[PDB]
Amino acid sequence: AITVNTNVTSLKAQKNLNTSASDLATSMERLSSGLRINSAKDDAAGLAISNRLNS
Amino acid sequence: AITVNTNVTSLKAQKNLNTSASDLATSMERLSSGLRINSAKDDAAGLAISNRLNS
Amino acid sequence: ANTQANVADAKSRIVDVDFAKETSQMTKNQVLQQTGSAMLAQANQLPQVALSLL
Amino acid sequence: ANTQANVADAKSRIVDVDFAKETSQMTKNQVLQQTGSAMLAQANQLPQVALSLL
């Protein structure tokens, strides 16, 4: 069909572009900080193990 | 015959144009994603082989 | 996000118009209008055979 | 400093526009404007069948 009111290819392209931008921002943060684990989003058990090793 | 009520050339042109548009949309998706297999419509055995290699 | 894309596709298949088909129907009805107008204008001149017989 | 960063992120999620979505909506309405203009210009020519009947 040739339709004007809905465009699905654009929706899917938007979602892919957003995923790529998120990944790039995460990498930029990790290079700026120098650490792999900046939150518990990253690795939760490693966070606690590293707190104990830090103590 | 010279008829007004039915136009078959138009029907066939419509079907060809729809086929071309579908192919173009598929290609656009594949270039936006970076992957050949976006669904199981594409390659079903390769999907499972790649899931195992990913594991 | 995935499901929204697929459901909007599904709805578009039901609600939206097809331009390739609808333009063809429009042109067909245009030609039929011109033909029917000509034929009605020619049809309103039939009672004039009586003036010839008269 | 931490909290300022997180709260500005939170506010941006609510207030700011999405360019990827909004440009798509703009292009859709552009095409619809051109189609509706053509269709209205074609619609204003319908009373001319009477001149043919007349």
TODO: Exactly one condition in (1) in contact with an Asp or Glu (Cβ under 8 Å, 6 or more places away or on another chain); (2) free of Cβ contacts under 8 Å to residues at least 12 places away in the same chain is not met by B:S32; state its number.
DONE: (1)
Task: Selection count, the stretch C:1-22, where residues are in a helix (DSSP H, G or I) and at the interface with another protein chain (Cβ under 9 Å from one of its Cβ atoms) - done: 13
TODO: Would you tally the residues in the stretch B:25-55 being in a loop (DSSP other than H, G, I, E, B) and within 30 Å of A:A1 (Cβ to Cβ)?
DONE: 10
Task: Index of the failed condition, A:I37 passing every other in (1) of a type in the set (A, V, I, L, M, F, W, C); (2) within 14 Å of chain C (Cβ to nearest Cβ); (3) touching a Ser or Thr at 6+ places or on another chain (Cβ under 9 Å) - done: (2)
Task: Which listed residue, of B:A25, B:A13, B:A48, is within 23 Å of A:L17 (Cβ to Cβ) and either exposed (fewer than 12 other Cβ atoms within 10 Å of the Cβ) or under 18 Å from the mean Cα position of the chain (by Cα) (or both) - done: B:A25
- [ ] Please specify each residue of the stretch B:1-10 satisfying the condition of being of a type outside the set (A, V, I, L, M) and either surrounded by 10 or more Cβ atoms within 10 Å (Cβ to Cβ) or more than 12 Å from chain C (Cβ to nearest Cβ) (or both).
- [x] B:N7, B:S10
- [ ] Please enumerate the residues belonging to the stretch C:24-34 that are away from chain D (no Cβ under 11 Å), among the polar types (S, T, N, Q) and out of contact with any helix residue (DSSP H, G or I) (no Cβ under 7 Å at 6 or more places or on another chain).
- [x] C:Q25, C:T27, C:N29
- [ ] Could you tell me whether the stretch D:22-43 includes any residue that is more than 18 Å from the chain's Cα centre (by Cα) and under 26 Å from C:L40 (Cα atoms)?
- [x] yes
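Because the Cβ atoms are built from the backbone with ideal geometry, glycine has one as well, and the counts that use them run over all protein chains shown. Bear in mind that the values in this text are calculations on the coordinates, not laboratory data.
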